[PDB]
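Given as structure tokens, the chain that follows is alone and in the form deposited in one PDB entry.
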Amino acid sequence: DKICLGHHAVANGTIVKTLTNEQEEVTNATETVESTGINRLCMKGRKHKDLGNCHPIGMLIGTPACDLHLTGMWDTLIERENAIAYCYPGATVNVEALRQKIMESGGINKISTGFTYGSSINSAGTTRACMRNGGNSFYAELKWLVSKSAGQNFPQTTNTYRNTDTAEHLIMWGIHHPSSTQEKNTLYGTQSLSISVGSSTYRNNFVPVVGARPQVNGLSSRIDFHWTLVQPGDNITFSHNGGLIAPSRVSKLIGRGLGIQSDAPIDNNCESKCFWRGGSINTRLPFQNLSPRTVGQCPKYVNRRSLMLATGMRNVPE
């Protein structure tokens, strides 16, 4: 007569690492590094805006591609790889800071400046670079000012926008840089051009420069965009001689949201809190090896393919 104590084992153990052993065999184990994600942006529960081919900058100045995204509310803003900001070729100063400001916003309202120009000014400049409804157009929120009588000096002009609201406004403008002297003269006259902009928290001077440069979308001239924030109650004044690309509406970034840059199609029927270029990560594991670049509430990226957590005893087979 006899009685014996023992523990179970299995035929096929799992290797795990310990403080003392690289190759320790246990009964069961489980992954702690998430390696699979969802190939969709899971936008269920989110007021989301898929921008398509509209670049966030394009929303503020009104590039044709952003016509559907000039105002709105969102808690999540999706930027896409093909995104268009500029129809008429040019660039924006501190562009990435501005892109990030838009991408953390929770919406945008548009507020008319109310600028009016006298009879010497043609405020309806359009271009084949900005098509809209099969026709020559221009940035929706901006106006291309030129001399109404061609080759005449654009008149000394003063325009003032007053923020009568309770939150800050983001105002954008452009500075036309013609591509030749003939064109500068036709549009603004032979006079020396000067544009100065000022508020309580901003002052600058701009001068259109004529320069030969490569054609972009058929065009050798450029439009440089500038922007500043106009605080409540404050006023900003444009004083210009020709070359100002004047704002007809200004912007108001509202609230907060999560900015996402992704390739992945939206699934408005699944939920997630963690996003990346390829879509979403929905997991309970504390680590992941999918992508070092995520946004939202994510597990932490680790440089490991696998990390096994033993969930059983040492496996000693018969």
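Note that residue numbering begins at 1 and tracks the sequence as displayed. Residues that one form lacks are left out of the comparison. Basically, rigid core = biggest C-alpha set you can superpose within 1.5 Å across the two forms.
Omitted here: the form deposited in another entry. The next part is about that form.
A.B. asks: At a threshold of 2 angstroms on the CA positions, core aligned, which residue out of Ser192, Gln215, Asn205, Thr164 shifts between this form and the one not shown?
C.D. replies: Per the superposition, the moving residue is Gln215.
A.B. asks: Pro56 to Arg213, Cα distance in the other entry relative to here: closer or farther, by 3 Å or more?
C.D. replies: So the answer is farther.
A.B. asks: Do the C-alpha atoms of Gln215 and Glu183 sit closer or farther apart in the other entry than they do here, given a shift of 3 Å or more?
C.D. replies: Relative to the displayed form, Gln215 and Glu183 draw closer in the other entry - a change of at least 3 Å between their C-alphas.
A.B. asks: Could you point out the stretches of 3 or more consecutive residues whose C-alpha atoms all move by 2 Å or more between this form and the one not shown when the rigid core is superposed?
C.D. replies: Shifted segment: 212-220, the only one.
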